[PDB]
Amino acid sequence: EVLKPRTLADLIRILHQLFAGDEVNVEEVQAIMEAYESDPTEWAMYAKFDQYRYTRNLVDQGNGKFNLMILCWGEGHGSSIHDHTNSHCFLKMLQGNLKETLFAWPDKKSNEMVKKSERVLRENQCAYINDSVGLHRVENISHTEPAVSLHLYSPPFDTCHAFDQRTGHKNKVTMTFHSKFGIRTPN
């Protein structure tokens, strides 16, 4: 049981099949992403780090059905609290560990945001989120080692909202790619 990709290339091929249609079986995609055993030799071309902030590195555009990308988290790097613009979002660890904090959605009223769950993603683990699940923040647990994660978003999206933990107020954020297909972007 569970089709096991032996390479990152196998995984991409399978994903093209699983997203070719109208339905997407979330638990099936998750298990297959989790079954791929992270191999740094295969994804090192995408692992382009920045001193001050995590980077987004596009791997594959999934024939318009999804975006597959690798996020590189320096020592102590973390994300804002954010949503996912009504898409599916899968997150798989490739190296290190991320702490995921799930938050409830704010009301129109201003106050402190509420944590709904907290966990550390294990080696090779694939997590899943969408807007109905909640909001989340993700961060490198380590101040001495990096983390690397593989993200799949379907449909693709290039804007989301970031939330202020103190008030729940949000701002629209346009995300950019640090590199695409192993090639640094103009910035």
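Position 1 is the first residue in the sequence shown; the rest follow in order.
Higher mean CA B-factor, judged across 106-114 and 89-97 from the recorded values: 106-114.
The mean C-alpha temperature factor is higher for 45-53 when 145-153 and 45-53 are set side by side. Residue-level inspection of the entry shows that, of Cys126, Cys160, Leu135, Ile70, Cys160 has the top Cα B-factor. Placement of the Cα temperature factor of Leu121 within the chain: lowest third of the modelled residues, per the deposited record. Ranked within its chain, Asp39 lands in the middle third, by CA B factor from the PDB record. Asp60 sits in the middle third of its chain by CA B factor, as recorded in the PDB entry.
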